[PDB]
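# Structure at a glance
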Amino acid sequence: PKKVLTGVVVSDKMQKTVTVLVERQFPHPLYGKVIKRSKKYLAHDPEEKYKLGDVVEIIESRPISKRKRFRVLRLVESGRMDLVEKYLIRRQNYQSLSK
Amino acid sequence: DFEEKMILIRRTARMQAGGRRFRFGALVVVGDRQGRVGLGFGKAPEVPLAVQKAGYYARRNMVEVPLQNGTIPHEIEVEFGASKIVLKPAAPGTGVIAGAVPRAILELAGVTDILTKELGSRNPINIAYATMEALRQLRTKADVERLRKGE
Amino acid sequence: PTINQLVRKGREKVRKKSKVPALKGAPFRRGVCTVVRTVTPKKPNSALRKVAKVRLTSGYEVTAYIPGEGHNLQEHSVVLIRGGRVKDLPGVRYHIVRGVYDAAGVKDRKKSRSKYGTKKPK
Amino acid sequence: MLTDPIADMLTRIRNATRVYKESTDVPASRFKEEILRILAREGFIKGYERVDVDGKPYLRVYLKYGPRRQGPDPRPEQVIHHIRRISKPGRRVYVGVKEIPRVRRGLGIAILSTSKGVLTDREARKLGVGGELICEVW
Amino acid sequence: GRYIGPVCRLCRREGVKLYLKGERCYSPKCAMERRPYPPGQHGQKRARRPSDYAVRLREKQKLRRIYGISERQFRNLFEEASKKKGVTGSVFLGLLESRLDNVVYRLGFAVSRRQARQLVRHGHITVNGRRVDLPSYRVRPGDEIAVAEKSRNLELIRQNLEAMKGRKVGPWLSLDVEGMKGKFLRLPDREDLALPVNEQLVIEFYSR
RNA sequence: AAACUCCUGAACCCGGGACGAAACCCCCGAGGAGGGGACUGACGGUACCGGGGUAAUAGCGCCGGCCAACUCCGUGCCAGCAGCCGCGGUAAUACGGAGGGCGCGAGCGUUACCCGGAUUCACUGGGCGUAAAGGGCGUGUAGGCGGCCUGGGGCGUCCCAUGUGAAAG
RNA sequence: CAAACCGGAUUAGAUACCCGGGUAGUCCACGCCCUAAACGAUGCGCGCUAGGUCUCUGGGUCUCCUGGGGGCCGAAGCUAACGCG
RNA sequence: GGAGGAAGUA
Ligand code: SF4
Ligand SMILES: [Mg+2]
Ligand SMILES: [Mg+2]
Ligand SMILES: [Mg+2]
Ligand SMILES: [Mg+2]
Ligand SMILES: [Mg+2]
Ligand SMILES: [Mg+2]
Ligand SMILES: [Mg+2]
Ligand SMILES: [Mg+2]
Ligand SMILES: [Mg+2]
Ligand SMILES: [Mg+2]
Ligand SMILES: [Mg+2]
C-alpha cells in the first residue's frame with residue numbers, strides 16, 4: 001500500500017513536475033448525501049512527457065521536494081482538457097471578489 | 001362496569017351585555033382495561049354535569065384496541081391539528097411512560113408497557129383527541145393478511 | 001431547506017449566553033459593598049427592598065439583593081455573592097450569602113436557616 | 001424536468017390510492033417494472049402490464065383496495081396506507097446488512113436494490129446482503 | 001443508617017398494614033386496626049384527589065418501608081434490575097428478598113425485618129459457616145442461613161424458632177427448627193409473594 | 001411516640017495474631033536441569049479471632065400550581081417571600097413563629113457549570129399567503145440534479161475472509 | 001396641478017384638513033441613487049389529484065374536439081383558522 | 001349573499 005491515486009493534471013509548467021488533481025467521492029458523515037472532495041498533488045515527471053490533459057496515476061513515493069512526495073506511475077488517457085477548463089474556469093471565477 | 005378518568009376540567013366564559021357567563025367543559029376517558037376505551041368532551045354550565053356529558057359521549061366513541069402481550073402491535077405516527085403523537089411499543093418490564101394525558105387513554109385499554117412522546121402542540125384537547133384516532137388507526141397481524149389478499 | 005443547502009452552509013449552535021457574568025465562572029465571590037439604597041420594586045409591588053452594590057475580585061461593579069430580618073452591612077463591608085434574580089429588581093442579578101466574612105446571618109429564626117446563616121440554638 | 005421518476009411513480013400511486021381509482025398510467029423503465037414485480041409479489045397491488053398509450057409506453061397499475069368500511073366515510077380501509085420515497089436524489093441512502101431497517105416491526109415492508117437484484121428487507125437479510133434502500137410501504 | 005423513628009405512621013400514611021412491628025402487627029391494637037387514617041391533625045378531613053404523581057410515589061414508599069431501606073440502595077439496587085435482563089419490575093423484587101436482613105425474617109428467626117437486621121448485624125446469623133454481620137448481603141442460591149452455634153442458645157431465638165415449629169415458610173425456603181439452618185432454594189416471583197404493590201408504578205415512578 | 005419489663009450488645013477490656021514472603025544467598029549437583037537448608041514486614045500488635053461487658057449522635061429542605069405534603073397566631077403594599085406565574089391593598093394554607101405533615105439522612109439545601117427537557121438550528125426531526133422569514137425582477141459561470149434502451153470498467157456502493165482496532169473503559 | 005413659503009377662515013390655539021397666490025417638481029435629452037405594501041406579502045421547473053362556469057387568443061367540417069391565459073364556486077387533501085383548490 | 005371598481009368636538 002503505497003497509495004496509488006489517479007487524477008487529471010492541472011499544469012505542465014514546472015521542470016520535471018506536474019499537478020495531478022485527484023477527486024474523492026464519499027458520503028457526508030452527517031447527511032446521507034454522497035459529496036465530492038478534491039485535492040491537488042505535485043508529481044515527478046523526469047521524462048517530461050507527462051503533460052497537460054494527461055490523466056495519470058501517482059504513488060506515495062519517497063520525498064522529492066517540500067510538497068512533492070509522490071511519483072507519477074502510468075497513463076490512462078491524454079485527451080482530457082475539458083476538465084482542465086473546470087479548473088481553469090473555477091480559478092478564474094475566483095477573480096470577481098475584490099475592489 | 002367501566003372506569004372514568006377526567007383528563008381536565010377547565011373554565012370558559014363569554015362577555016355578555018353586563019357581565020360574563022361562565023361555562024364548563026370536561027374530558028373524561030371511559031375505560032375498562034379490556035381494550036375498549038372511549039373519549040368524550042361535553043359542555044355544561046356546571047361542573048358535575050359536563051362529567052355526565054363527557055362521561056356520556058365517551059360511551060359512544062367506543063374503540064376496540066388490540067393487545068399483544070401487554071403492549072401495542074406496531075409503530076405509529078398520527079398527527080392531529082398542530083398536535084403530534086408517536087407510539088413505539090415496548091417489551092414488558094417498561095411501564096406506561098407517557099404524558100399525564102394519554103397515559104389514561106392507554107391505561108384504560110389494558111396497556112402496561114408502551115413507549116411514547118407527545119410532540120407539537122401539547123394542548124390536551126388536541127393531544128387526547130389525536131391519541132384516540134391514533135389508537136383507531138392501529139391494525140393487527142391478522143388484518144394485514146385479510147387486506148393484502150381476499151379470496 | 002434542501003439537503004444540498006445543508007452540507008454547504010450547515011447549522012449554527014444556538015450558543016445561549018450567561019446570566020451570571022461575575023466572570024471566572026466561580027459560583028461565589030468576595031467583594032466590598034459600596035452602596036445600600038433600598039429601592040422600590042416593579043409595577044405590581046411597593047416595598048423597600050434592601051439592595052446593595054458590590055464590586056468583586058472579578059473587577060465588576062454590580063448590585064445585589066439582601067435578605068432577612070435586616071442586617072449590619074454598612075458602607076465598607078466585605079461580603080459574598082450568589083445567584084438568582086428578582087422579578088421586581090431590573091438590575092439585580094445576584095444575591096448575598098450571609099454568615100460569611102462580614103455578611104452576618106439573621107438573628108431569631110428557625111424555619112429555613114441554611115439560607116440565612118442561622119445556627120441551631122437549644 | 002422530472003428529476004426522480006421512481007418517486008414520480010410512488011407519487012403517482014398515492015394520488016391514485018388516496019382518490020381510489022382503478023388504473024393510473026406511468027412511464028415504464030425496466031427498473032420500475034421490476035419494482036412492481038416485488039411490490040405486487042406481495043398484495044399491495046393486483047398487478048400491472050406493459051402497455052402503450054398515445055403511441056408511447058406506459059404501465060397500467062391495477063391498484064388494490066381494501067373493504068368498504070361501514071358508517072360515515074365509507075371509503076375502504078386503505079391498503080397502501082403510506083408509501084414514501086427514501087433515497088432522494090438530493091440524499092441517497094446506502095446501507096449494509098447490520099443496519100437494514102425493520103418497517104412497522106414486520107407489518108410493513110422495505111424495498112431496495114442491490115447487486116444480486118432488487119429485494120426487500122426480510123429478503124435481503126436472508127442473503128446476508130444489503131444495498132440502496134428505495135422505499136418502504138405500510 | 002435506618003429509620004429508627006415512629007413506625008405505625010408509615011402504615012397509616014400509606015393506608016396499608018405494613019407488618020413492621022411484629023406480634024402486635026396482627027393483633028387488634030395495630031394502629032391501622034385502631035386508627036386506620038393518615039395521622040397528624042387533618043386525618044378525618046376530606047382527602048382531595050390524589051395527584052397523578054401521588055399514587056406512584058406512595059406505592060414506591062410502601063415497598064421502600066416494607067423492606068426497611070434507604071433510597072440510594074433502593075435506587076442502586078433498582079438500577080441493576082433495569083440493566084439486568086428480564087422484567088424490570090420483579091427482578092427488583094428478586095434482589096430485594098435476597099438481602100440478608102430480609103431472609104432471617106422470612107426464616108422466622110425474627111418476626112420483624114427491623115428486628116432481624118439487628119440480629120444479622122450483631123453476629124448471630126451464619127451463612128455457609130461464616131460470621132456474616134451484613135444486612136445488605138445478596139444471598140445467592142444454595143446458601144446455608146443459620147443461627148451461629150456460638151450464639152444458638154439465647155432466650156430470643158428459641159422462642160421465635162419454636163414460634164415457627166410448622167409454619168408455612170415461603171414457598172422457596174427450607175426451614176429446620178432445632179437445626180436452626182435454612183437453605184436458600186430458588187428465587188422469588190411476585191406471584192410467589194403477594195404484596196399490596198403495583199410494582200409497575202415504581203417503574204413508572206423511576207422513569208419520570 | 002415516652003416512661004416501664006425483658007433481649008442482644010456499637011464504644012470499651014483482655015489473651016492469641018496473621019495473608020501479603022519466597023526468592024536473590026548456601027549445599028548436592030556442571031556456576032545446567034532438579035532438589036534440599038536457612039535470614040527478611042513500614043503498613044501493625046493493624047485486620048481478624050477467643051472471652052467479658054453499657055442502649056448509646058440526628059440533622060436539613062419544603063408544605064399556592066409545577067411539586068408529595070394544613071391549621072393557628074402576629075403582621076396589614078409596611079415587614080417580606082419569590083425559579084415562571086405571582087402572594088401580602090384585614091379576616092394570608094405563600095411573609096415571621098408554633099403544632100403538625102411531606103422528602104432525604106450522616107447528610108440536607110443554595111450557587112455555578114455540562115447534556116437533557118429545547119422537534120427552541122429540526123440528519124433522524126421544522127418552516128417562509130396573514131404569525132420571523134420568497135431575493136424587486138431577469139440572464140447566466142462554478143456547483144447541485146437529471147428521460148428510455150444496450151454493452152463495458154467497477155469510482156461511490158454491497159457481501160466473505162484476514163490484519164488492525166493495545167490494556168484498562 | 002402642486003411639496004416648501006405667505007395670507008383668509010374654523011379653532012381653546014391650527015405650524016393641518018377648506019380657500020386665494022405660488023417656487024422647486026411633474027414634461028424632454030443625457031448621466032446618476034436602485035429604494036418600496038416591488039404584493040398574488042405565495043421563487044423557478046416538471047409530473048399526478050373531480051368537476052361546473054363567463055371570457056381573451058389560435059387551430060381543426062363546429063351549441064363538438066383540442067392548445068395557451070385571466071376571473072368566479074367548489075371533489076379529495078392541507079392550515080391554528082381565514083382560506084387555497 | 002359573495003367581488004370589482006355623504007361626519008363640527010374633546
Ligand atoms: S401492623 Fe405493626 S407496624 Fe403496622 S400499624 Fe400495626 S403495629 Fe404498627
Ligand atoms: Mg481539499
Ligand atoms: Mg412548537
Ligand atoms: Mg420533586
Ligand atoms: Mg396594605
Ligand atoms: Mg430535516
Ligand atoms: Mg394582522
Ligand atoms: Mg442574497
Ligand atoms: Mg480483535
Ligand atoms: Mg427649492
Ligand atoms: Mg447623482
Ligand atoms: Mg395519476
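Per the PDB record, the structure was determined using X-ray crystallography to 3.2 Å resolution.

## Describing the domain arrangement of chain E
Residue and element names in this part refer to chain E. Split by domain assignment, chain E resolves into domain 1 (1-96 + 194-208) and domain 2 (97-193). For domain 1 and domain 2, the distance between their C-alpha centroids amounts to 23 Å. With 24 residues of domain 1 at the contact, the number on the domain 2 side is 15 residues.

## Concerning the protein's contact with RNA strand G
Taken together, the neighbourhood of RNA strand G is formed by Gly-81 and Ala-82 of chain B together with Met-1, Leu-2, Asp-8, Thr-11, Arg-12, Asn-15, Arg-18, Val-19 and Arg-75 of chain D. Within 4 Å of the protein, the contacting atoms of RNA strand G are drawn from sugar and phosphate to the extent of 78%. Backbone polar atom of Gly-81 of chain B to a phosphate oxygen of RNA strand G: 3.2 Å apart, as the coordinates give it. In terms of residue class, the surface near RNA strand G is made up of four nonpolar, three polar and four charged.

## A closer look at unusual backbone geometry
Not every positive phi belongs to a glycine, and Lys-16 of chain A is a case in point at roughly 60°. With respect to the element layout, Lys-16 of chain A can be found in the loop between β1 (5-8) and β2 (17-27). The phi angle at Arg-104 of chain D is positive, at roughly 55°, despite the residue not being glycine. Assignment of secondary structure puts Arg-104 of chain D in the loop between β3 (83-85) and β4 (111-114). You can call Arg-104 of chain D buried: its relative accessible area is 8%.

## A closer look at the sheet that holds strand β3 (residues 34-44) of chain A
Residues and elements named next belong to chain A. Strand order in the open sheet made by the five strands is β3-β2-β1-β4-β5, with antiparallel pairing throughout. Two strands close off the open sheet at either side, each with one partner strand: β3 and β5 (70-77). On average, adjacent strands in this sheet sit at an angle of 40° to one another, irrespective of strand direction. When strand β4 (residues 55-60) meets β5, the two strands line up antiparallel, connected through five bridges. Within β5, the residue paired with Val-56 across the bridge is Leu-75.

## Describing the site of ligand 1
Residue and element names in this part refer to chain E. As a structural note, the neighbourhood of ligand 1 is formed by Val-7, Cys-8, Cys-11, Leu-18, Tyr-19, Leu-20, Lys-21, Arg-24, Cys-25, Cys-30, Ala-31 and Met-32. The cavity where ligand 1 resides is the largest cavity. Elements represented by at least two residues in the shell around ligand 1 include exactly α1 (8-13), α2 (23-26) and α3 (31-34). Across the shell around ligand 1, the residue classes break down as 10 nonpolar, no polar and two charged.

## Observations concerning the UniProt feature "binding site: Zn(2+)" in chain E
All names here are of chain E. Mapped onto this numbering, the UniProt entry annotates "binding site: Zn(2+)" at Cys-8, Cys-11, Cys-25 and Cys-30. For the annotated residues, spread through 23 residues, the largest C-alpha to C-alpha distance comes to 10.4 Å, consistent with a single compact locus. Checking the annotated residues one by one, the ones that line the largest cavity turn out to be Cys-8, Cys-11, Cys-25 and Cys-30. Relative to the assigned elements, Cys-8 resides in helix α1. Of the residues examined, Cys-8 reaches a relative accessible area of 25% and is grouped as partly exposed. Within the secondary structure, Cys-25 is located in helix α2. Sequence-distant contacts of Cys-25, defined by excluding residues within four places in its chain, comprise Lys-17, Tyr-19, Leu-20 and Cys-30.

## Quick word on the layout of surface pockets
The space that makes up the largest pocket amounts to roughly 1800 Å³. Secondary-structure elements contributing two or more residues to the lining of the largest pocket are β7 (63-64), β8 (76-80), β9 (83-89), α3 (124-136) and α4 (141-147) of chain B together with β7 (135-137) of chain D. Class assignment of the residues belonging to the lining of the largest pocket gives a composition of 19 nonpolar, nine polar and 21 charged. Taken as a whole, the second largest pocket holds about 780 Å³ of empty space.

## Describing a nonpolar patch on the surface
On the surface, a nonpolar cluster with roughly 200 Å² of combined accessible area is contributed by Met-6, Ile-9 and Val-47 of chain B. By secondary structure assignment, the location of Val-47 of chain B is in helix α1 (residues 47-58).

## Digging into the packing of aromatic side chains
Taken as a whole, this structure holds 12 aromatic pairs over all chains when the rule is applied. With 5.3 Å between their ring centres and 90° between their planes, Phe-78 of chain E and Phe-92 of chain E make a pair best called edge-to-face. Here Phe-78 of chain E is found in helix α5 (residues 72-83), whereas its partner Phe-92 of chain E is found in helix α6 (residues 88-97), with 14 residues between them in sequence. Judged by relative accessible area, which is 7%, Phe-78 of chain E ranks as buried. Given the relative accessible area of 2%, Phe-92 of chain E is considered buried. In this structure an aromatic cluster arises from ring pairing among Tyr-53, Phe-74, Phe-78, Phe-92, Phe-205 and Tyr-206 of chain E. Against the face of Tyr-58 of chain D rests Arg-12 of chain D, its NZ or CZ located 5.9 Å from the ring centre.

## Overview of the UniProt feature "zinc finger region: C4-type" in chain E
When the UniProt feature table is mapped onto this chain, "zinc finger region: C4-type" is found at residues 8-30 of chain E. Counted over residues 8-30 of chain E, helix gives 43% and strand 0%. Its end C-alpha atoms are 8 Å apart.

## Overview of the pattern of salt bridges
Pairing between side chains of opposite charge can happen when the charged atoms of each approach one another. Tallying each qualifying case throughout the model produces 28 salt bridges over all chains. Two residues, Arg-50 of chain D and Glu-33 of chain D, come together in a salt bridge whose shortest N-O distance is 3.0 Å. On the criterion of sequence distance, the pair formed by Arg-50 of chain D in strand β1 (residues 45-50) and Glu-33 of chain D in helix α2 (residues 30-40) is long-range, its members being 17 residues apart. Classification of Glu-33 of chain D as buried rests on a relative accessible area of 10%. One salt bridge connects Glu-136 of chain D with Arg-84 of chain D, and the closest N-O pair in it is separated by 3.9 Å. Highlighted residues: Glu-136 of chain D in strand β7 and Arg-84 of chain D in strand β3, separated in sequence by 52 residues. The exposure class of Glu-136 of chain D is buried, given its relative accessible area of 11%. For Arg-84 of chain D, a relative accessible area of 44% corresponds to the partly exposed category. Sharing partners across several salt bridges, the network here consists of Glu-107 of chain B together with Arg-56 and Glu-204 of chain E.

## Description of the nonpolar core
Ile-7, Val-29, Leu-87 and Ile-114 of chain B are the most contacted members of the largest nonpolar core, which has 30 residues in total. Mapped by element, the contributors of at least two residues to this core are β1 (3-12), β4 (23-31), β5 (36-39), β8, β9, α2 (100-107) and α3 of chain B. Top element by residues in this core is α3 of chain B. It accounts for seven residues. Taken together, domain 1 (1-64) and domain 2 (65-139) of chain B each give at least three residues to this core, which thus spans both. Discounting chain neighbours no more than four positions away, the residues touching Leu-87 of chain B are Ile-72, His-74, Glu-75, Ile-76, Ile-114, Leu-115, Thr-116 and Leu-135 of chain B. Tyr-67, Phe-92, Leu-93 and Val-197 of chain E belong to the second-largest nonpolar core, a separate cluster that totals 25 residues.

What counts, and where the lines are drawn
Residues numbered from 1 in each chain as written, not as in the entry; some residues may be left out. Chains lettered and ligands numbered in written order. Part of a larger assembly, values for the part shown. Heavy atoms only, no water. Residues with missing side-chain atoms left out of burial classes, pairs and counts. Domains from an automatic or database assignment. Contact = heavy atoms within 4.5 Å. Near = heavy atom within 4 Å. Polar contact = N/O pair within 3.5 Å; in protein donor to acceptor, adjacent residues only side chain to side chain. Nonpolar A, V, L, I, M, F, W, Y, C, P; charged D, E, K, R; others polar. Helix = DSSP H or I, 4+ residues; strand = E, 2+ residues; numbered from the N terminus. Buried < 20%, exposed > 50% of the residue type's maximum accessible area, 1.4 Å probe, protein only. Pairing = 2+ DSSP bridges. Axes fitted to C-alpha atoms, helices over the stretch in contact; angles between N-to-C directions. 1 Å grid on protein atoms, 1.4 Å probe; cavity = no way out; pocket = protein on both sides within 12 Å on 5 of 7 lines; lining within 4 Å. Sits in = over half its atoms within 2 Å of the grid points. UniProt positions renumbered as here; feature names shortened; annotations may be inferred. Points joined across faces, edges and corners; volume = space filled by probe spheres on them. Patch = residues over 30% accessible without salt bridge, like charges linked within 9 Å, V, L, I, M, F, W, Y side chains within 5 Å. Areas by Shrake-Rupley, 256 points an atom, 1.4 Å probe, with all protein chains shown as cover. Salt bridge = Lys/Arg side-chain N within 4 Å of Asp/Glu carboxyl O. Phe/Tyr/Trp six-rings, centres within 6.5 Å; stacked < 30°, edge-to-face > 60°. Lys NZ or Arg CZ within 6 Å of the ring centre and 35° of its normal. Core = buried A, V, L, I, M, F, W, Y, C linked by side-chain atoms within 4.5 Å.

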